[PDB]
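**Student:** Below are the structure tokens for one structure; questions will follow.
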Amino acid sequence: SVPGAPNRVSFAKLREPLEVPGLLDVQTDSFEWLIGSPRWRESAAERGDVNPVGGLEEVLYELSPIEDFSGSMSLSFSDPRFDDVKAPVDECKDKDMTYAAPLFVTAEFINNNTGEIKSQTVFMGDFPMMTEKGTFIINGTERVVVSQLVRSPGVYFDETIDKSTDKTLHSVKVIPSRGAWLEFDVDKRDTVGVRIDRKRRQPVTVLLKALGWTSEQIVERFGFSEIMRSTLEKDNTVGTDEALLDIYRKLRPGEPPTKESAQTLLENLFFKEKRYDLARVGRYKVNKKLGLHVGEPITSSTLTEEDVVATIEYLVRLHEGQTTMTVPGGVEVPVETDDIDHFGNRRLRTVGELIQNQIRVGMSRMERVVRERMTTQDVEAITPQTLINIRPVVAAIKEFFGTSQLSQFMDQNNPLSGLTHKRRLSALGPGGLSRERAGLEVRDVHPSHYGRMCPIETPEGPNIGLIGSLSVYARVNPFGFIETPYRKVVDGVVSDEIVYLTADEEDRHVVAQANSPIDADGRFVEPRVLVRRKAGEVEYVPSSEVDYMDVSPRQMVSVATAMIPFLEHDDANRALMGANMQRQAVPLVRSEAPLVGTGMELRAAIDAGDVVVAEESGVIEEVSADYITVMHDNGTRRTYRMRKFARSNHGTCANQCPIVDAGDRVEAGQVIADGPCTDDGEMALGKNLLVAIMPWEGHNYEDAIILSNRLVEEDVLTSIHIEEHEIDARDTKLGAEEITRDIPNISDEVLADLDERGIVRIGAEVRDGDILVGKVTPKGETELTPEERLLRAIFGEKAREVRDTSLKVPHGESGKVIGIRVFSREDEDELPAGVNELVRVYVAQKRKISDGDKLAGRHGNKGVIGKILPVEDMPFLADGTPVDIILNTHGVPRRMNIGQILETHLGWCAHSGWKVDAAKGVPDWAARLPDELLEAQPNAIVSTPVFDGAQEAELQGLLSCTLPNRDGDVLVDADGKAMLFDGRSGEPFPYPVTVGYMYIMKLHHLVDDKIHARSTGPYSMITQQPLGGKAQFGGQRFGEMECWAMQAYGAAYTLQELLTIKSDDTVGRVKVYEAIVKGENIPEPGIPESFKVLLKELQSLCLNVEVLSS
Amino acid sequence: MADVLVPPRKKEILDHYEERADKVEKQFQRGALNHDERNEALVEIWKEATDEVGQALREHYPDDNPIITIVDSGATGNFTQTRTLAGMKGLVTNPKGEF
RNA sequence: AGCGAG
Ligand SMILES: [Mg+2]
């Protein structure tokens, strides 16, 4: 598939019809639609060339034409066009300027009376653009717009049961985009009733007479049910004008009722696009549900009285218990209640949709200012350039791409983390469910999620269910719904035609399962083929005449979950944790492709975008550690420049190194330089370690891990961490801050490394507390104490009148100094207002694995490192090879992630190599093994795809034949367990031990970032109780639960000490410090400062609180 | 994977209880009982099936196996997890709550 | 906002 790839042999018994799609398409295709690029134009024309209109073109078309109140003149917009980006991607990321392109739109002003047209490009602003990797660059930072899951606008029918009567009562909710809700609810009393804009109910006949229906017409249409006749009888409203009067008196009370503002009231509320835009998706959903305008294209999303009438008729028919209705002039549709969580009702607002909505808000604001100024515009003196104000639009875009919750800080711990930050569907944000208001029924898994959203990959905190990951093969409908591919099986004959069905269409079809054996004639080789049906119920099957079949296994899993071998042997909890923990692995220095992996490793690495791929075929002309120049087949040559030791958003390393020689011919799309967590182009998040699964001396107790010292000697679990420190000399009242090596009062030792110009030199090792940037801000005249003046005279110095505010290596940090980036106003570099210089120093440290660091496999088998043993007191096989890691056997059986053990066994086999003895045919357990897997050379990488893989029998067999290491000696019996020698005692352990090779990752929860301590430091502003956080010098919160625990202990003195002198009392604090430093007794504690703050707050609430002495 | 033994009578038990499930499905297809009653009957059938396969697994295991040794020494875990690991996981809950 | 432990 990919031109140059490692030959990872697979245990897969099923061929895949569809190749995995362009995993990043979710973002790039949506943005291309928004822009209206030629690529999107062609893609849409292939599939609906009737009306290809981009997002910006759509916004402009909806906005234009505009006219004033009189309509003497009008303005219009057309032909949006983008100029070339301002600066290249890397330079934009470097100098902190947004990666954007100018946007030009041709305006047109027509004075309807005089008859003049004036057109000119208007420069709507600097539109941020999406990098080819599917991500935005804003203020130098890397950001991702995550798709949002929202309730699709339309008509939703619900039914409930009332306790007071135990009767099934139905309801409808026409949910628009920025409209007014109309909930035709049916109460226990047999009378339908409207509730306009959530206002005190109505009889529906009142609205119908407000729409101008006659009671004869009302019984002509909604006459079949008794509920309707009952409503007409008990309504008591006689006349159209009576209904309109009552409706106006109820909707907008306090103003004098009329006839004009009674009619145009409703007409504007519902049937004018000014206030009730349903949007294209909303109108399409209403039409499909009610079967009104199925044939016609979509336009004028606003409603019609026909729609409301059909909604009422549908609700009443549903209450009666009908099955289908045929609206006059409309195709018949089935009467049934709607499910809000069904993926036929949850639509995706992709990046394009969100950006378009923000453009729409900005354009509405610009439209309003245009209209407001138009009154004060001198006729014939105005042109669109001087009539259009772009500031609201650019302001809206800028406030979206920054501080909008769906514009998230790109998560780059590794290529997989970035890839899965894309393809992420979050059910919360602007116009979406909030964690608090989100119920418990939206977080669950729905049958419609199969193939459209991963049921496994999901946050495990207070976000489970609200955030998910798009499946591998899932695609987004032009309308925002999520489609999934299926093989059309015709007359029991499976085919290759891949139809992309949304959830609704899937429900109407009896869809089969991927692993249904096929007779090789296209037809099912058995009756009783497993299937799913409309209600989401998996049950028995009608043999033959199944309309669709799954494209392939793993259709339901996402990219992260598709990289867990033996997923089917792991409980959903452990699989979920493994998926969420693959994204936390730090990039190691080396990276090794797993012995046991899947088919998703290579594609994930390629599509993540952090691995260099040749654009076009050619012969590598010259390769070096910093760039690769390749000569193409026709004259031209191209140079790819690697990104060496760059810092990612999360502090990790982003090193890229070539993997091609100086003469190799490379085809288009071939990997030519692996990325951070990549090995020969395939993803590599961790290392393969020789593992024993025994309990060892209580050091691997409760999910703790004991590692050999080899892993620290050979430096296999080690990560480069780059940390950036920023400091900017500003303009202050007393003057300006200088960056130089003249820091006041500090000696010539700690001013040693600092360059001639201040900032420290490159390659200068710095430990916590050292000076990076020597800065000196002015102090202004103050009052030196008599003691200090005397001391200065004795030691002959001067006040210097300038304080120090130097940048220093914050506490607990260390490392070399990669490079310094200096921006300066004097050299005319863009900097914020009132700053002269801004210097950033990059400090890199090579972290080695040490106890407290968090490790994990791919099966949710996490754990911190309890101990790092010397290699000599490490269990070693009979051969003499020490084991690298020791997990505990007490964590496997009950957490139900036996898959890891399977992986272990397979890993060992892959490490040793095997030969199935096919002397007399193939063994019965190897009959269905793919050819060429009968023989594997030692250290052979293998793949076990997610839900088709190495069956247990095949693993048993391959474990039996495990061709010997170096002499004739099989270190692992057929059971998979090896006889280990004790490192310390020297005797063999009495029983064999499960030994193998587990691929374990080093998670980004390193103890160096977790350790923190405090004795005294900053104190908060309004209250004492020092600042919290390791970032500051933070004290550990002693909450109310801890204080209750202390009260239960009966320890009154320690609790008083904690809550008074350790935290708040501002006089006993320095006193306790003095007592400790001088050896005196700790003093009596006083009144905490927070209590007096409370007393003042209460008094300022006009509450006379006084502390009576007695 | 060699320390996790499946029960050798599993397929016979599955056949014996799928026969009853098929009988219930026939009965439903002839209008004998409504959807809820058929669902309850099938739930009962498969609950009994899970119980029986669990008993077979329990009686098949040696008393020396690390799995059963850990479970039955009070160290950790219950036998339901062992049955889930080898044998039949049993019925599963609907998202609403039902079986 | 994402994220960790329970
Ligand atoms: Mg824990």
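Neighbour counts run over all protein chains shown; Cβ positions are idealised from the backbone, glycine included. A short reminder: the numbers here are calculations on the coordinates, not readings from a lab.
**Student:** From (1) within 16 Å of RNA strand C (Cβ to nearest atom); (2) surrounded by fewer than 22 Cβ atoms within 10 Å (Cβ to Cβ), pick out the condition that doesn't hold for A:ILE564.
**Tutor:** (2)
**Student:** Determine which member of the set A:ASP753, A:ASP731, A:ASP768 is in contact (Cβ under 8 Å) with a residue 24 or more places away in the chain and closer than 20 Å to A:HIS811 by Cβ.
**Tutor:** Criteria check complete, one pass: A:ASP768.
**Student:** All but one of (1) surrounded by 15 or more Cβ atoms within 10 Å (Cβ to Cβ); (2) in contact (Cβ under 8 Å) with a residue 40 or more places away in the chain hold for A:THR1016, so report the exception by its number.
**Tutor:** Among (1) surrounded by 15 or more Cβ atoms within 10 Å (Cβ to Cβ); (2) in contact (Cβ under 8 Å) with a residue 40 or more places away in the chain, the lone unmet condition for A:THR1016 is (1).
**Student:** Now for a separate question. Counting only residues that are over 28 Å from A:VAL892 (Cα atoms) and in contact with an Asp or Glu (Cβ under 7 Å, 6 or more places away or on another chain), give me the strands (runs of 3 or more DSSP E) lying completely in segment A:697-772 with at least 1 of them.
**Tutor:** Those strands (runs of 3 or more DSSP E) span A:718-732, A:758-760.
**Student:** Ok, one more. When residues of segment A:210-242 are filtered for being under 19 Å from A:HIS319 (Cα atoms) and of a type in the set (S, T, N, Q), how many remain?
**Tutor:** Here the count works out to 3.
**Student:** Does any residue in segment A:856-867 that is without any contact (Cβ under 8 Å) to a residue 12 or more places away in the chain and farther than 26 Å from A:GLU568 by Cα come within less than 8 Å, Cβ to Cβ, of a residue that is near RNA strand C (Cβ under 10 Å from one of its atoms) and basic (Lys, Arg) six or more places away or on a different chain, and which pairs are these?
**Tutor:** Partner pairs satisfying both residue conditions: none exist.
**Student:** Only one residue in A:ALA668, A:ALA673, A:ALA692, A:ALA704 is within 16 Å of RNA strand C (Cβ to nearest atom) and more than 27 Å from A:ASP770 (Cβ to Cβ). Which one?
**Tutor:** Step by step, each of A:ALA668, A:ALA673, A:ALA692, A:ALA704 is checked, and only A:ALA704 is within 16 Å of RNA strand C (Cβ to nearest atom) and more than 27 Å from A:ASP770 (Cβ to Cβ).
**Student:** A:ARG590 - would you say it is within 16 Å of RNA strand C (Cβ to nearest atom), away from chain B (no Cβ under 14 Å) and of a type in the set (D, E, K, R)? Steps first, answer last, please.
**Tutor:** Working: within 16 Å of RNA strand C (Cβ to nearest atom): no; away from chain B (no Cβ under 14 Å): yes; of a type in the set (D, E, K, R): yes.
No; evaluated as a whole, the condition is false for this residue.
**Student:** Let me ask another. When A:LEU902 is evaluated against the numbered criteria (1) away from chain B (no Cβ under 14 Å); (2) aliphatic (A, V, I, L, M); (3) crowded, with 20+ Cβ neighbours inside 10 Å, which criterion, by number, is the only one it fails?
**Tutor:** (1)
**Student:** Look through A:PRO297, A:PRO257, A:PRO253, A:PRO328 and report the one residue that is under 22 Å from A:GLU505 (Cα atoms) and either out of contact with any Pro (no Cβ under 7 Å at 6 or more places or on another chain) or hydroxyl-bearing (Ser, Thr, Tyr) (or both).
**Tutor:** Details: A:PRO257 fails: under 22 Å from A:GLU505 (Cα atoms); A:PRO253 fails: under 22 Å from A:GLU505 (Cα atoms); A:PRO328 fails: under 22 Å from A:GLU505 (Cα atoms).
It is A:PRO297.
**Student:** I would also like to ask the following. Looking at segment A:969-981, can you tell me whether even one residue there is within 16 Å of RNA strand C (Cβ to nearest atom) and buried (at least 20 other Cβ atoms within 10 Å of the Cβ)?
**Tutor:** Checked segment A:969-981: no residue is within 16 Å of RNA strand C (Cβ to nearest atom) and buried (at least 20 other Cβ atoms within 10 Å of the Cβ).
**Student:** Residues that are away from RNA strand C (no atom under 15 Å from the Cβ) and within 14 Å of chain B (Cβ to nearest Cβ): list the helices (runs of 4 or more DSSP H) wholly contained in segment A:379-467 that include at least 2 such residues. Break it down stepwise before answering.
**Tutor:** On the way: elements: A:384-387, A:391-401, A:415-421.
Here the list is empty.
**Student:** So A:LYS867 passes all but one of these: (1) assigned to a loop (DSSP other than H, G, I, E, B); (2) away from chain B (no Cβ under 14 Å). Which condition number does it fail?
**Tutor:** (1)
**Student:** Continuing with this model, one more query. How many residues are assigned to a helix (DSSP H, G or I) and touching a residue at least 12 places away in the same chain (Cβ under 8 Å) if we restrict to segment A:1069-1090?
**Tutor:** The number of residues fulfilling the criteria is 5.
**Student:** With A:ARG347, A:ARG360 as the choices, which residue is touching a residue at least 12 places away in the same chain (Cβ under 8 Å), basic (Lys, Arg) and not in a helix (DSSP H, G or I)?
**Tutor:** The match here is A:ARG347.
This table checks each residue for (1) within 14 Å of chain B (Cβ to nearest Cβ); (2) in contact (Cβ under 8 Å) with a residue 40 or more places away in the chain; (3) closer than 27 Å to A:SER426 by Cβ; (4) away from RNA strand C (no atom under 16 Å from the Cβ).
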| residue | (1), (2), (3), (4) |
| --- | --- |
| A:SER471 | no, yes, yes, yes |
| A:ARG475 | no, yes, yes, yes |
| A:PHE481 | no, yes, yes, yes |
| A:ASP496 | no, yes, no, yes |
| A:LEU501 | no, yes, yes, yes |
| A:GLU505 | no, no, yes, yes |
| A:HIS509 | no, no, no, yes |
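**Student:** Another question, then. Suppose we keep only residues that are within 17 Å of A:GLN1056 (Cα to Cα) and among the small types (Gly, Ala, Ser) within segment A:1027-1044. Which one would you say is surrounded by the fewest Cβ atoms within 10 Å (Cβ to Cβ)? Explain how you work it out, then say what you get.
**Tutor:** So in segment A:1027-1044, the residues within 17 Å of A:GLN1056 (Cα to Cα) come out as A:1035-1044.
Among the residues that remain, those that are also among the small types (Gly, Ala, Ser) are: A:1035, A:1039.
Values: A:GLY1035: 20, A:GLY1039: 9.
Result: A:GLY1039.
**Student:** Kindly provide the set of residues from segment A:109-134 that are of a type in the set (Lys, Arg) and buried (at least 19 other Cβ atoms within 10 Å of the Cβ), ordered by number.
**Tutor:** A:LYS133
**Student:** Still on this structure, please answer the following. Out of all the residues in segment A:876-896, which are assigned to a loop (DSSP other than H, G, I, E, B) and either buried (at least 24 other Cβ atoms within 10 Å of the Cβ) or at positive phi (or both)?
**Tutor:** Across segment A:876-896, the qualifying residues are A:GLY880, A:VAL883, A:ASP884, A:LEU887, A:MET896.
**Student:** Which condition number in (1) within 14 Å of chain B (Cβ to nearest Cβ); (2) of a type in the set (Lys, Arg); (3) over 29 Å from A:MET563 (Cα atoms) is the one that A:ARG966 fails?
**Tutor:** Unmet for A:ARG966, out of (1) within 14 Å of chain B (Cβ to nearest Cβ); (2) of a type in the set (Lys, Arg); (3) over 29 Å from A:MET563 (Cα atoms): (1).
**Student:** Could you tell me which residue of segment A:371-425 is surrounded by the fewest Cβ atoms within 10 Å (Cβ to Cβ), considering only residues that are acidic (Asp, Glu) and without any contact (Cβ under 8 Å) to a residue 60 or more places away in the chain?
**Tutor:** A:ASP378
**Student:** Could I ask something else about it? Take the conditions within 16 Å of RNA strand C (Cβ to nearest atom) and either within 22 Å of A:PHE184 (Cβ to Cβ) or part of a strand (DSSP E or B) (or both) and apply them to A:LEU315. Does it pass?
**Tutor:** Criteria not met by A:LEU315.
**Student:** Taking the residues in segment A:178-206 that are surrounded by fewer than 16 Cβ atoms within 10 Å (Cβ to Cβ) and under 38 Å from the mean Cα position of the chain (by Cα) as candidates, determine which candidate is nearest to A:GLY282 (Cα to Cα).
**Tutor:** A:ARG178
**Student:** Can you tell which of A:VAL843, A:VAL802, A:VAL817, A:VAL839 is under 30 Å from the mean Cα position of the chain (by Cα), within 18 Å of A:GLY774 (Cα to Cα) and more than 16 Å from RNA strand C (Cβ to nearest atom)?
**Tutor:** A:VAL843
**Student:** Now for a different question. Got a sec? Which of A:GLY651, A:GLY681 is closer than 30 Å to A:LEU772 by Cβ, under 25 Å from the mean Cα position of the chain (by Cα) and among the small types (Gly, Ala, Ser)?
**Tutor:** Details: A:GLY681 fails: closer than 30 Å to A:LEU772 by Cβ.
After applying the criteria, what remains is A:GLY651.
**Student:** Could you look through segment A:567-584, keep only residues that are within 16 Å of RNA strand C (Cβ to nearest atom) and of a type in the set (A, V, I, L, M, F, W, C), and pick out the one that is nearest to the other protein chains (Cβ to nearest Cβ)?
**Tutor:** Ranking the qualifying residues of segment A:567-584, first place goes to A:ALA572.
**Student:** In segment A:990-1013, which residues are surrounded by fewer than 16 Cβ atoms within 10 Å (Cβ to Cβ) and more than 16 Å from RNA strand C (Cβ to nearest atom)?
**Tutor:** Within segment A:990-1013, A:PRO990, A:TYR991, A:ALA1013 meet the criteria.
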